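Just the one chain here, the form deposited in one PDB entry, laid out as C-alpha cells.
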C-alpha cells in the first residue's frame, strides 16, 4: 500500500500548487470588519439586502464544496500528491464559509442573520444550482467510479469554483471599488485569490483524465459539459435578475458571469462560449 512521497514527483504541478495554497493560508480573525459599519449605514436598504443575499448564496456554495466537492473528488484520485492539495483546498472552503459569518456578525443583528439563512435554505434557485452541481459529486459515493464520472465531477467543480461564485462575488467587489465595505472587500479578495488557484488546479486534473478517455467518451463528455454550462447559465440569469433588478445592475453582472464562465472553460482547456464584453472597471478596481 503506497505512502505519499514528496521527494519523487508524481506529476509536474502538485508541489507548486501545494506551496502556493499554503503560502496563501489565512483565517477571518486576521481582518477586523467593524470599520465597515460606517459605510454600511449609508447604503440604501436595497443595497444592504442585495449584499446579504449574495453572501448567503456564497456561503451555501462553499459549504457544499467543502462538505462534498473536494472530499468526494479527492478520495478517487490515485495521485497522492494531488489528493493532498485537494484536501487543503477543502479545508479552505470551510475557512471561506466561516468568513461570511464573520462579516454578518458585524453588519447584521442576530435576527437579521436568521432572516438571511432562512432565505438561503428555502431558495429554489440556489437549491437548483447546488442540486445540479452536487448530483455529479454524489455519483462518486460508490466503491469504483468511471473516469467519465470523475471527469464530470471535476467539470462541475470548476464550474462552481470559476463560474457560479461570480454572480455573488460581483457586488462586494463593486462596493469595495467605490471605497465602501472595504474591510469585507478584503476578505472577499482573499477568497477569490484561493478560488482562482482552485479552479486552475482542478481544471489541470480534469484535462489529465480527459486524455485517458476514449474518443467516444471524449465526445460524450463534451456534449454533457456544454449542456451543464447552459443549464447553469439559465439558473444564473434568473438569480442575477432576482438579486440585482432593485439596484439597476443586472446587465453588468450578466457580463461578469459570462466572462467567468469563459474562464472556467479555459481552465478545463476548452474554448470560450460567450462573446467577449467590457466588464465594469469598478469591479476590476475592487479586485
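Positions refer to the first chain, counted from 1. The term rigid core refers to the maximal set of C-alpha atoms that superpose within 1.5 Å between the two forms.
Only in words, not in the display: the form deposited in another entry, which the text now covers.
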item	value
2 Å-or-more CA mover between the shown form and the other one, where superposition uses the core and the choices are 227, 251, 30, 234	30
Direction of the Cα shift between residue 194 and residue 28 in the other form, where the change is 3 Å or more	closer
Pairwise C-alpha change, residue 28 versus residue 197, in the other form against this form - closer or farther, 3 angstroms or more	closer
